[PDB]
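Labels below follow one simple rule: chain letters A, B, ... track the order of the sequence lines, proteins then strands, and each chain is numbered from 1.
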Amino acid sequence: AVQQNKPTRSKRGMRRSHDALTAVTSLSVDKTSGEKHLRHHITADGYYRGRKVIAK
Amino acid sequence: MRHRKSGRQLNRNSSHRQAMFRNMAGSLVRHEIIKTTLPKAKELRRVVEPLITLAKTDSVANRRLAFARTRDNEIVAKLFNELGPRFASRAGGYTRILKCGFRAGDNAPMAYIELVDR
RNA sequence: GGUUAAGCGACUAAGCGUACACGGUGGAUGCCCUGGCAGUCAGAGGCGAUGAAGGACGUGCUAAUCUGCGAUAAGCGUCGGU
RNA sequence: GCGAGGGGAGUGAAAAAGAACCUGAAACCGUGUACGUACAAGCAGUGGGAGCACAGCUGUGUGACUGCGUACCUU
RNA sequence: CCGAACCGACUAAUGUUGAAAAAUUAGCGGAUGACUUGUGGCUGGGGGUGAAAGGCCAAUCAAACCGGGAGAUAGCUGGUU
RNA sequence: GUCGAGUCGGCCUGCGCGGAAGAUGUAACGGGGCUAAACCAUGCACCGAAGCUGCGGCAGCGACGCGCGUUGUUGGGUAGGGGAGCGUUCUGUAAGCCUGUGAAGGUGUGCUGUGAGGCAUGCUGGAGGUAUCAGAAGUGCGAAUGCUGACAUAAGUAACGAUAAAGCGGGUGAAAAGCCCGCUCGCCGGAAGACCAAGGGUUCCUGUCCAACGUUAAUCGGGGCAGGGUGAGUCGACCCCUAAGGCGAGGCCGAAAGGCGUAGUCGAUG
RNA sequence: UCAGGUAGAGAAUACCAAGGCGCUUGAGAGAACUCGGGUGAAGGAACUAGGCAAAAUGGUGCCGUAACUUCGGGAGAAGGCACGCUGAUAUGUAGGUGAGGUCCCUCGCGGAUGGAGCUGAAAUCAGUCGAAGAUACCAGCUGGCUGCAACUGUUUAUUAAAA
RNA sequence: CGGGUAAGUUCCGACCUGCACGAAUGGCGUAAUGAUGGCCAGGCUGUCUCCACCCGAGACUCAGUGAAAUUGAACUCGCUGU
RNA sequence: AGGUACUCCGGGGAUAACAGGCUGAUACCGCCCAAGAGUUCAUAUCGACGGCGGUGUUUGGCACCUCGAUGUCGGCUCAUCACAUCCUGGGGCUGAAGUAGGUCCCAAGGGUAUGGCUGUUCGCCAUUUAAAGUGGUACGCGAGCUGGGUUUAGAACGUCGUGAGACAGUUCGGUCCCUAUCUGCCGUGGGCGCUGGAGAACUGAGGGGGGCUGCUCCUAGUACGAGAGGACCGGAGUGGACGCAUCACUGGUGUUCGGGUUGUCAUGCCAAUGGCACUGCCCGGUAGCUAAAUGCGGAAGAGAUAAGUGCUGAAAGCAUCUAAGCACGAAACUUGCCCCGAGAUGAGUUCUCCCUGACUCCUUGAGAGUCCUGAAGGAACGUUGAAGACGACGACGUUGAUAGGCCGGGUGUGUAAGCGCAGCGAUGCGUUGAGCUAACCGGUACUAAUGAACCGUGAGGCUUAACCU
Ligand SMILES: [K+]
Ligand SMILES: [K+]
Ligand SMILES: [K+]
Ligand SMILES: [K+]
Ligand SMILES: [K+]
Ligand SMILES: [K+]
Ligand SMILES: [K+]
Ligand SMILES: [K+]
Ligand SMILES: [K+]
Ligand SMILES: [K+]
Ligand SMILES: [K+]
Ligand SMILES: [K+]
Ligand SMILES: [K+]
Ligand SMILES: [K+]
Ligand SMILES: [K+]
Ligand SMILES: [K+]
Ligand SMILES: [K+]
Ligand SMILES: [K+]
Ligand SMILES: [K+]
Ligand SMILES: [K+]
Ligand SMILES: [K+]
Ligand SMILES: [K+]
Ligand SMILES: [K+]
Ligand SMILES: [K+]
Ligand SMILES: [K+]
Ligand SMILES: [K+]
Ligand SMILES: [K+]
Ligand SMILES: [K+]
Ligand SMILES: [K+]
Ligand SMILES: [K+]
Ligand SMILES: [K+]
Ligand SMILES: [K+]
Ligand SMILES: [K+]
Ligand SMILES: [K+]
Ligand SMILES: [K+]
Ligand SMILES: [K+]
Ligand SMILES: [K+]
Ligand SMILES: [K+]
Ligand SMILES: [K+]
Ligand SMILES: [K+]
Ligand SMILES: [K+]
Ligand SMILES: [K+]
Ligand SMILES: [K+]
Ligand SMILES: [K+]
Ligand SMILES: [K+]
Ligand SMILES: [K+]
Ligand SMILES: [K+]
Ligand SMILES: [K+]
Ligand SMILES: [K+]
Ligand SMILES: [K+]
Ligand SMILES: [K+]
Ligand SMILES: [K+]
Ligand SMILES: [K+]
Ligand SMILES: [K+]
Ligand SMILES: [K+]
Ligand SMILES: [K+]
Ligand SMILES: [Mg+2]
Ligand SMILES: [Mg+2]
Ligand SMILES: [Mg+2]
Ligand SMILES: [Mg+2]
Ligand SMILES: [Mg+2]
Ligand SMILES: [Mg+2]
Ligand SMILES: [Mg+2]
Ligand SMILES: [Mg+2]
Ligand SMILES: [Mg+2]
Ligand SMILES: [Mg+2]
Ligand SMILES: [Mg+2]
Ligand SMILES: [Mg+2]
Ligand SMILES: [Mg+2]
Ligand SMILES: [Mg+2]
Ligand SMILES: [Mg+2]
Ligand SMILES: [Mg+2]
Ligand SMILES: [Mg+2]
Ligand SMILES: [Mg+2]
Ligand SMILES: [Mg+2]
Ligand SMILES: [Mg+2]
Ligand SMILES: [Mg+2]
Ligand SMILES: [Mg+2]
Ligand SMILES: [Mg+2]
Ligand SMILES: [Mg+2]
Ligand SMILES: [Mg+2]
Ligand SMILES: [Mg+2]
Ligand SMILES: [Mg+2]
Ligand SMILES: [Mg+2]
Ligand SMILES: [Mg+2]
Ligand SMILES: [Mg+2]
Ligand SMILES: [Mg+2]
Ligand SMILES: [Mg+2]
Ligand SMILES: [Mg+2]
Ligand SMILES: [Mg+2]
Ligand SMILES: [Mg+2]
Ligand SMILES: [Mg+2]
Ligand SMILES: [Mg+2]
Ligand SMILES: [Mg+2]
Ligand SMILES: [Mg+2]
Ligand SMILES: [Mg+2]
Ligand SMILES: [Mg+2]
Ligand SMILES: [Mg+2]
Ligand SMILES: [Mg+2]
Ligand SMILES: [Mg+2]
Ligand SMILES: [Mg+2]
Ligand SMILES: [Mg+2]
Ligand SMILES: [Mg+2]
Ligand SMILES: [Mg+2]
Ligand SMILES: [Mg+2]
Ligand SMILES: [Mg+2]
Ligand SMILES: [Mg+2]
Ligand SMILES: [Mg+2]
Ligand SMILES: [Mg+2]
Ligand SMILES: [Mg+2]
Ligand SMILES: [Mg+2]
Ligand SMILES: [Mg+2]
Ligand SMILES: [Mg+2]
Ligand SMILES: [Mg+2]
Ligand SMILES: [Mg+2]
Ligand SMILES: [Mg+2]
Ligand SMILES: [Mg+2]
Ligand SMILES: [Mg+2]
Ligand SMILES: [Mg+2]
Ligand SMILES: [Mg+2]
Ligand SMILES: [Mg+2]
Ligand SMILES: [Mg+2]
Ligand SMILES: [Mg+2]
Ligand SMILES: [Mg+2]
Ligand SMILES: [Mg+2]
Ligand SMILES: [Mg+2]
Ligand SMILES: [Mg+2]
Ligand SMILES: [Mg+2]
Ligand SMILES: [Mg+2]
Ligand SMILES: [Mg+2]
Ligand SMILES: [Mg+2]
Ligand SMILES: [Mg+2]
Ligand SMILES: [Mg+2]
Ligand SMILES: [Mg+2]
Ligand SMILES: [Mg+2]
Ligand SMILES: [Mg+2]
Ligand SMILES: [Mg+2]
Ligand SMILES: [Mg+2]
Ligand SMILES: [Mg+2]
Ligand SMILES: [Mg+2]
Ligand SMILES: [Mg+2]
Ligand SMILES: [Mg+2]
Ligand SMILES: [Mg+2]
Ligand SMILES: [Mg+2]
Ligand SMILES: [Mg+2]
Ligand SMILES: [Mg+2]
Ligand SMILES: [Mg+2]
Ligand SMILES: [Mg+2]
Ligand SMILES: [Mg+2]
Ligand SMILES: [Mg+2]
Ligand SMILES: [Mg+2]
Ligand SMILES: [Mg+2]
Ligand SMILES: [Mg+2]
Ligand SMILES: [Mg+2]
Ligand SMILES: [Mg+2]
Ligand SMILES: [Mg+2]
Ligand SMILES: [Mg+2]
Ligand SMILES: [Mg+2]
Ligand SMILES: [Mg+2]
Ligand SMILES: [Mg+2]
Ligand SMILES: [Mg+2]
Ligand SMILES: [Mg+2]
Ligand SMILES: [Mg+2]
Ligand SMILES: [Mg+2]
Ligand SMILES: [Mg+2]
Ligand SMILES: [Mg+2]
Ligand SMILES: [Mg+2]
Ligand SMILES: [Mg+2]
Ligand SMILES: [Mg+2]
Ligand SMILES: [Mg+2]
Ligand SMILES: [Mg+2]
Ligand SMILES: [Mg+2]
Ligand SMILES: [Mg+2]
Ligand SMILES: [Mg+2]
Ligand SMILES: [Mg+2]
Ligand SMILES: [Mg+2]
Ligand SMILES: [Mg+2]
Ligand SMILES: [Mg+2]
Ligand SMILES: [Mg+2]
Ligand SMILES: [Mg+2]
Ligand SMILES: [Mg+2]
C-alpha cells in the first residue's frame, strides 16, 4: 500500500503538530549544596536532600 | 492482561533472569553499593533482602540455602558473619535506591542501590 | 446605583495558508579558455635482427605519481647557438 | 575534546572573494512580520466583497461571507 | 540392510523491498556404488553435451556472449517547442 | 294494498381511483413546501442569453472618392491552406556606439503595445555589451513509462542481519552497555578449536588519530597516518621424470587464414 | 590434516577439556495481531480437496510371527515379556592379560611350566526406592484392498522426481 | 449388481451395452521394491467441536542511526441521481 | 502447406473471454377472460384456448467502459440489504367437526442443521430442527486466508492427424507479492471552543444494543366427534441456541511454588547443592486469566396502527364499517429495558469554591506597559493499580499503608538439612506433617514516595427590560 498523491507540506506540518518537546517544568535545589538537580534524583556532586550520599 | 501478577520479564527468559540476579546480588553484597538500571534495582530488592533476612539465623541449613541461592562462599560468609548481625534489629528495608539520571549509551534510567548502613 | 433576565459579542492558534523580508540547500545563467571540431597551404609518407611498436622494472638530497632517462639511468662526450 | 565548527583581529578593491572559494537562478527547507484560519464539505480559482495592517481618498498585503466553477496532454 | 560424514531435494512453515536474485527450520532419500570429491585436460553456437527435461553451455538458451553490417525495417504506439 | 315526487339504465365525453413487489438512505416534483405553488381556457405584466439595441475600440473584405477618407459588410473553430510578426545565438555595417561615473547575468519595481514582447530604473554583479539595416540558423519545450543532475514524498515510519546472554567493580577518557583489567554467568568443543593447499595481498606487530568507513556510541577496529616485521643444503618452488593433453623441424593436407601429425619438446593432479 | 574425558555401537547424541567465543544498536513495557514453542477438561478426523500439520512409534535381549513367493524373501511382519540400585553366588565369576620363579635350549627380542598382579562381561537368587529404571538427548507408527513401473539408478540448476 | 458406511459421484469385486482395449509405438499376470496414484482400519492427537492459559522473538514507549515502492495538483465525507 | 501449451515483438478495449451498462426475446413472478375438472356447482382448490403487465434472477442479443492488466469456480472468515415470508406473530375463505391441512391477505423484529459422496456450486443420501426461506451486494468478500477445480511449461491413455501436434475428453505432478498516504471503520488521546476562573453532580436532543424458540404439565381426556382421536383461550415448569457478567464452586493453564528422576560438569572430597540437556524429562499446584464452570437477560405494560372485524350513519326513504362521528386489532412502528451521549457551536442545568493592588503611556479602546500580587485549582515529579499499546483513568506522597521489604496467617508441595538408631548394603525409622513456599490475607514506617519550584490571577463586555434603589 502506498500513496496515490504526494501529501503536501501543510499536511506534513499538521502531523508534526504533536512532536514538540516539553522542557522540564522546574529544577529542584539541594538544601545543603545549593545545586540544581532533577527532582528525586541526586545532584551532580552526589547530594540528595542535603546529605552527601555518594562520593564523587 | 497481567492482573495482579508480580515480577519483571526484563526482555530475558527465566534462566537468564535467575542467573543475572544471582550475580547482581553477589555484587551488591560484596561492594555494598552498585549502579544499575532503575527497573533492575527495584527487582534486585526482592532477591537481596530475603538473603539478608535468611542470614539473621546462622545455622548449617541456612548457610546451605544461601549457598544454593548465591553459589558464592565469600558472599555467604559475608552474609552470615557481617550483614546478618549488622541488620539484626532492622525489620526489612535493608537497601535504598537513589535515582541518578540516564546512561550515555542508551538513555537508560539509572539508579544506585546500596545497603542502608553503608 | 445595584441585582436578575433576555439578546448580541470581540481577545484563543496546537498547527496551517498567502504575501513580504532575510537565510540555507543546490549549481542553472552570464562571462572565461594551455581542450576539442572542420579545413587551407606546405612537409613527411614509414619503424624493425645495428632488436621495432608497445610494455616491465629501475633511475633524484626523494615517500609517491607525472615527465625525462637506462646500472654512464631528470643524464655523459663533442661541435655550434646562447 | 591540544577537536569539528565558529566569533574577533589582520590581508585585500572586495572575505555573503576563506580555499565546501567568480556569478550564484529554480525545485526543496527554514526564521521573522502582516492578515486569514478550530460549525466547516469538492480542480482551490474567478466575479462580487466586509474587516484589519501598511504606505501616501488612493496604492500595497490579507481575504470573513457570497454567485459561478469537475486539472492538463493524448486518443 | 539400519545409520553419521558426504551427495541429494519428497513435505510443511517461515521468508517474498529476504539474512539469501532459490535460503532457513523441522521432518525426508542415497550412503561400496550406474557412488562421491580435488587438481589439470578436451568438446564451441545450427555447434557442443544430454540415463532426453528443449535440459545445460559463466545468475543469459526453441539457437550463448561481444563487436560489426547498423540510424536493419516498423502501413504500428508515443512525442513534436 | 300503503307511501306522495321523482326514478331507472344505456350512449358520448373531462379529470381522478384500483390494477402497482427490490435490493447502502427519503430516493419516480432537484429540495423546501404546495389544495394551488396542480390542470384547462383567456388576457395583460414582468424575469430571462456571449441573440438584438445603445456607447467606446480593433481588424478582414468590397465599394466610392483622394496611403487617407467615406461607406456597406464580415470577424466560433479541429485536421488543414493562406497572410503577417516577436525573440534568441552568430556575420557585416563596427578601429563605430555604450560601458569601472559600473557590461553581461541575477532579483525587484514602474511604464508600455493586440500578442510574441519592448523601455526605464533600485539592489546584486564586477567586464563586457552592441543600435540600425541586412545576412545565416544546433532559433523558442510540460508532456515522448524522454536523457543528465539536483531535491522532495512516504517518515523521523520499516529496519539495525540468526532468541549463545549477560551482571558488576576498577582503569583510561570530553564522554564508556560495547575499549582495557578483574570476578561471575552463558555458548561451541568431529568445532564456533588447531593447522595446510587454493584464493587474497600487508589485512600481520607497535605507536598514534576518530573526519569518512563500522547499520548505534566508540577512547576500539580488518578504518586513516607513521614505523617495524617474512633469515633454510634438509619445508615448498625451481630442478630430473613422465600422464591426459598441448605444441611441433621436416612431412601430409587444405582458395588464403589454416588442419593433422613424425622426430622431438612441453605439461602434475603422480 | 589433527581427533582428549564421562556416558555411548559410534566421527550419532548429551555434558565437558585444551582452546575459542556471547554473533557492533541498546533501555523499558508485558495490548491486538504475527512468528517459534509448552500444556489442556469432555470428545477423537466430526477438520479438510487430502489426517496438511501435529500427536504417536522408537533401544537391547528373548519368546513369537500369516497370506503370498521368483524359495532369496515377505519379516524388525504382527504381538508380547525383561530392563534401576544393593548384596550374595564370587572379600571380582567366566574370559582376557601376564610378573617373579622353575625347567630346557641349537643361549635368544628363545621354548615349556607356572601362575602373582592387573583387567573384567553376562547370568541367577535375595533385597530395595519411585507414579514411572530403553527414565534425559537419542530412537521404526502398524495393518488390509488396489492402479502404474520389475528392481538400484536418472531428470526439468531456480514452481513438475513421476506412471 | 454385490461389498464396505447411519449415509460412499471415490474404493474393491463383478457384469459387457469396449462412444473410442488388444498382443514387442507389446497383451495378460507377477514375489520384491517405490519421499509414486487411489481406498479402508487400529493407534494417535488443538485438524476440528471451540478455543483457554503459558514461555520466548517482534509489534508498543524512550535514546541513537535511518530506508522503500508510489506521487498532475488537492482545502482528499455519506447517500440518491447524473 | 501446416504446428507452437517452448514461444516472441509491435499494437487494439477499433475486437472476443470475466464483471458493469443498454435491452428484456427467453426466464421468473403477478393479473384478465372462463372451456372445463371438482357428485351438483367455472371461481374451496386447479384452470384449457387465448389476452395484459411487473422484475432485472436465468439463457441470450449488443460491443458502450476497462487489453501502458478491473485476478477465476468452490471452500473459509466477516457480512449487509430487499421481500416475491421458510419458522415464529395477526387475519379472510375453505370441498374449515376436532386434530391436522389447502389457498389468499398483512407482517422483515428475531431466528433460520450437522454429516456421507464429489474440486464442486448443485444434487442424492443419513440423521436432526420451530424452520433448515428466495434473491441483491464486481454470480458480496484472494492489498482478509485457501488453491481442490478451471487455465502455462513434464508425462501417459483413448481418439484425430503422414507429422509437428491436438481434444469445455480423461489421467498423475505442478512458486498466490505488497511495511496503509487518502476515504472508510474499530478504539484512544492532544488542541481550542462553549465569554472571569475552578471542583463536582446532572438534564437528555440525539445515537446504539436487545427483540429467537422447543418440550412437559394444568386447564381437560373437557369443547368437537359415531368412533378413532382431540383443541382454542389462559396458566405453570423446564430446555436448545444466542448474549452479558463473574471466578464462590467444578476444572484448564500456572517456564515466578514444592517434589521425583536420567546423563554430565562443577562447588577440594563425603554429605549437601548449583549449571546444562525442549521448563532435560516428569508428578502435583498459589494468585491471575479463563470454559466445559454458574448467575442473569429476551419480557410484561403503554401509544399509534397493518390486513381484518365492527358500532352508529346518511348520500341513495332500503341497505351500507365511512362520507360526519365512535370502537377493536400483530414479534413490524413510537415507547417501556440496557449502554453512549451538551463539539446538542441550539456548546444546557444545579451545588460549591476562589480572586475586592498601584501606576504610566497612547493613535483613546473589550488599548498597551511596568511594579506589587499568585487564589481556588491544575499540572509536573515520585510510590503505584484486577486501569493501560502510548496517552488516558484510579489510589497514595511522612498530618503517610502507595509499592517493596518485614512480621503473623493461609495455600501448595509432602516428613528438608544435620544428628541418632537398625541393616553387610541399597535403604528404612526417629527427631517431623518436617522443610521450603510466587502473584493471596491481616498487620507493620524498616526502604522509597523532599522543603520547594511551575501553570493558573487580581471581581469578569455592550444593549434593553424587570425589579429595587
Ligand atoms: K496563527
Ligand atoms: K534553491
Ligand atoms: K619514472
Ligand atoms: K565575490
Ligand atoms: K551558496
Ligand atoms: K468564491
Ligand atoms: K499523453
Ligand atoms: K488510444
Ligand atoms: K576420479
Ligand atoms: K541440444
Ligand atoms: K557471461
Ligand atoms: K546460434
Ligand atoms: K470596416
Ligand atoms: K530589470
Ligand atoms: K544589472
Ligand atoms: K519528462
Ligand atoms: K522524512
Ligand atoms: K552493516
Ligand atoms: K550508543
Ligand atoms: K552436545
Ligand atoms: K507496551
Ligand atoms: K581373572
Ligand atoms: K528405530
Ligand atoms: K509388465
Ligand atoms: K523421487
Ligand atoms: K515400434
Ligand atoms: K512380457
Ligand atoms: K517414488
Ligand atoms: K501402492
Ligand atoms: K509458419
Ligand atoms: K504441447
Ligand atoms: K419486460
Ligand atoms: K424492462
Ligand atoms: K400484476
Ligand atoms: K482488458
Ligand atoms: K445474503
Ligand atoms: K406465519
Ligand atoms: K389460513
Ligand atoms: K423478519
Ligand atoms: K471430497
Ligand atoms: K453435480
Ligand atoms: K468481478
Ligand atoms: K491470493
Ligand atoms: K474468490
Ligand atoms: K483491491
Ligand atoms: K481519497
Ligand atoms: K433497534
Ligand atoms: K475458578
Ligand atoms: K486456577
Ligand atoms: K545434576
Ligand atoms: K350499518
Ligand atoms: K455544555
Ligand atoms: K508494604
Ligand atoms: K524423616
Ligand atoms: K530429616
Ligand atoms: K506444610
Ligand atoms: Mg491513479
Ligand atoms: Mg509525531
Ligand atoms: Mg501486586
Ligand atoms: Mg528489546
Ligand atoms: Mg534450560
Ligand atoms: Mg507562518
Ligand atoms: Mg579552527
Ligand atoms: Mg573577475
Ligand atoms: Mg560564490
Ligand atoms: Mg534559493
Ligand atoms: Mg451543528
Ligand atoms: Mg469559526
Ligand atoms: Mg474537506
Ligand atoms: Mg458551485
Ligand atoms: Mg539433481
Ligand atoms: Mg534440511
Ligand atoms: Mg533403501
Ligand atoms: Mg541408509
Ligand atoms: Mg555466430
Ligand atoms: Mg515438451
Ligand atoms: Mg545459466
Ligand atoms: Mg535463428
Ligand atoms: Mg545496411
Ligand atoms: Mg532503429
Ligand atoms: Mg390508471
Ligand atoms: Mg428503503
Ligand atoms: Mg445580457
Ligand atoms: Mg452579438
Ligand atoms: Mg459600434
Ligand atoms: Mg460571430
Ligand atoms: Mg477565426
Ligand atoms: Mg555583431
Ligand atoms: Mg554575448
Ligand atoms: Mg549588429
Ligand atoms: Mg532546438
Ligand atoms: Mg524543463
Ligand atoms: Mg505539448
Ligand atoms: Mg514511474
Ligand atoms: Mg526517493
Ligand atoms: Mg529518532
Ligand atoms: Mg505510516
Ligand atoms: Mg509502527
Ligand atoms: Mg521497530
Ligand atoms: Mg547483530
Ligand atoms: Mg563497566
Ligand atoms: Mg554488548
Ligand atoms: Mg592498508
Ligand atoms: Mg591487528
Ligand atoms: Mg594501530
Ligand atoms: Mg558512527
Ligand atoms: Mg562524538
Ligand atoms: Mg590503527
Ligand atoms: Mg589498520
Ligand atoms: Mg600438431
Ligand atoms: Mg612446418
Ligand atoms: Mg607429446
Ligand atoms: Mg619434461
Ligand atoms: Mg605434483
Ligand atoms: Mg568424544
Ligand atoms: Mg555433535
Ligand atoms: Mg505490552
Ligand atoms: Mg508475548
Ligand atoms: Mg502461536
Ligand atoms: Mg504439545
Ligand atoms: Mg484435549
Ligand atoms: Mg493434568
Ligand atoms: Mg483427556
Ligand atoms: Mg480413541
Ligand atoms: Mg469428513
Ligand atoms: Mg466438512
Ligand atoms: Mg504428516
Ligand atoms: Mg512430532
Ligand atoms: Mg531397532
Ligand atoms: Mg593389553
Ligand atoms: Mg482405477
Ligand atoms: Mg521405477
Ligand atoms: Mg524445478
Ligand atoms: Mg521438486
Ligand atoms: Mg453402487
Ligand atoms: Mg456404493
Ligand atoms: Mg472396478
Ligand atoms: Mg494402447
Ligand atoms: Mg490401438
Ligand atoms: Mg503382431
Ligand atoms: Mg503394432
Ligand atoms: Mg506392435
Ligand atoms: Mg510396457
Ligand atoms: Mg529409487
Ligand atoms: Mg526511534
Ligand atoms: Mg505438455
Ligand atoms: Mg505483447
Ligand atoms: Mg458481458
Ligand atoms: Mg448480461
Ligand atoms: Mg468498445
Ligand atoms: Mg457500432
Ligand atoms: Mg467498467
Ligand atoms: Mg493504468
Ligand atoms: Mg483493481
Ligand atoms: Mg408482503
Ligand atoms: Mg425495519
Ligand atoms: Mg418493538
Ligand atoms: Mg471416512
Ligand atoms: Mg472425500
Ligand atoms: Mg464474486
Ligand atoms: Mg449471496
Ligand atoms: Mg479484494
Ligand atoms: Mg494479505
Ligand atoms: Mg490446482
Ligand atoms: Mg510433486
Ligand atoms: Mg495473499
Ligand atoms: Mg477532548
Ligand atoms: Mg437497533
Ligand atoms: Mg479464588
Ligand atoms: Mg487443577
Ligand atoms: Mg505443570
Ligand atoms: Mg555426592
Ligand atoms: Mg556449564
Ligand atoms: Mg554446553
Ligand atoms: Mg406489546
Ligand atoms: Mg341507515
Ligand atoms: Mg417471542
Ligand atoms: Mg484509555
Ligand atoms: Mg499443607
Ligand atoms: Mg531436597
Ligand atoms: Mg510465610
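- Between A/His41 atom NE2 and I/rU383 atom P the separation is 8 Å, expressed in whole Å.
- The side chain of A/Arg15 contributes no N or O atom lying less than 4.0 Å from OP1 or OP2 of C/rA14.
- With I/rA417, I/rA143, I/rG288 as the candidates, the nucleotide lying closest to the side chain of A/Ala1 is I/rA143.
- Across all strands shown, I/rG24 has no partner, as no Watson-Crick or G-U wobble contact with both distances under 3.5 Å is found.
- At a cut-off of 3.5 angstrom, counting only N and O atoms as typed in the model, there is no donor on one side facing an acceptor on the other between the side-chain of A/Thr25 and the base of I/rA380.
- Residue B/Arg96 places its side chain closer to I/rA448 than to any other of I/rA448, H/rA73, G/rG30.
- Checking I/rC441, I/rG388, I/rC276 against the side-chain heavy atoms of B/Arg4 singles out I/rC441 as nearest.
- F/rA136 and F/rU89 are base-paired: they meet the Watson-Crick or G-U wobble geometry, with both hydrogen-bonding distances under 3.5 Å.
- Phosphate contact (OP1/OP2 of I/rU383, side-chain N/O of B/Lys42, threshold under 4.0 Å): present.
- Checking I/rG288, H/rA73, F/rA154 against the side-chain heavy atoms of A/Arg12 singles out F/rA154 as nearest.
- The distance between atom CZ of A/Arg49 and atom P of I/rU398, rounded to the nearest whole Å, is 11 Å.
- A positive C1'-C2'-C3'-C4' torsion places the sugar of I/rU352 in the north, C3'-endo-side range.
- Of the listed nucleotides (F/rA166, I/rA453, I/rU267), F/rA166 has the atom at the smallest distance from the side chain of B/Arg12.
- With the cut-off at 3.5 Å for both distances, C/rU34 forms no Watson-Crick or G-U wobble pair with C/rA63.
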Open item on the list: salt bridge (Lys or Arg N to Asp or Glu O under 4.0 Å) for B/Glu49 and B/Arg90? Distances and angles first, verdict last.
Closed with: CA-CA 11 Å; B/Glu49 300 198 354; B/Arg90 187 173 291 265; over 6 Å; no

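- Using a 5.5 Å limit on the distance between ring centres and a 30° limit on the angle between planes, the aromatic ring of B/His16 counts as stacked on the six-membered base ring of F/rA165.
- Glycosidic torsion of G/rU135 falls within 90° of 0, placing the base in syn.
- Nucleotide I/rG443: paired with I/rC406 (Watson-Crick or G-U wobble, both distances less than 3.5 Å).
- Cluster annotation: B/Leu98 and B/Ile113 are assigned to distinct hydrophobic clusters (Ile/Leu/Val/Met/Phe/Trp/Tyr, side-chain heavy-atom contacts under 4.5 Å, transitive).
- In this entry I/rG329 has no Watson-Crick or G-U wobble partner, no candidate having both defining distances under 3.5 Å.
- I/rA293 is paired with I/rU246 under the criterion used here, namely a Watson-Crick or G-U wobble arrangement in which both key atom distances are under 3.5 Å.
- Checking F/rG156, I/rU450, H/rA63 against every side-chain atom of A/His37, the shortest atom distance belongs to I/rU450.
- Taking a 6.0 Å sphere around NZ of A/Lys36, one finds it holds 12 or fewer heavy atoms contributed by other residues, nucleotides or ligands.
- In this model, no side-chain donor or acceptor of A/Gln4 finds a partner on the base of H/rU70 within 3.5 Å.
- Of the listed nucleotides (G/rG30, I/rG274, C/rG15), C/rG15 has the atom at the smallest distance from the side chain of A/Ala20.
- A 3.5 Å limit on both hydrogen-bonding distances identifies no Watson-Crick or G-U partner for F/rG30.
- Nucleotide G/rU159 forms a pair with no other nucleotide shown, judged by Watson-Crick or G-U wobble geometry with both contacts under 3.5 Å.
- Looking at heavy-atom distances under 4.0 Å, B/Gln9 makes contact with a base.
- Atoms CD1 and NE2, on A/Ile42 and A/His37 in that order, are 10.5 Å from each other to the nearest 0.5 Å.
- Remark: the separation of the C1' atoms in I/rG92 and I/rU219 is 30 Å, to the nearest Å.
- Base pairing of E/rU80: no nucleotide in any strand meets the Watson-Crick or G-U wobble criterion (both distances under 3.5 Å).
- If you check I/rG404, G/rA29, I/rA452 against the side chain of B/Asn11, the one that comes closest is G/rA29.
- Within the shown strands, nothing qualifies as a pairing partner of G/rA56 under the Watson-Crick or G-U definition with both distances less than 3.5 Å.
- As a whole-Å value, the separation of B/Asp106 CG from F/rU216 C1' is 10 Å.
- Here B/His31 does not reach the OP1 or OP2 of F/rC168: none of its side-chain N or O atoms lies under 4.0 Å away.
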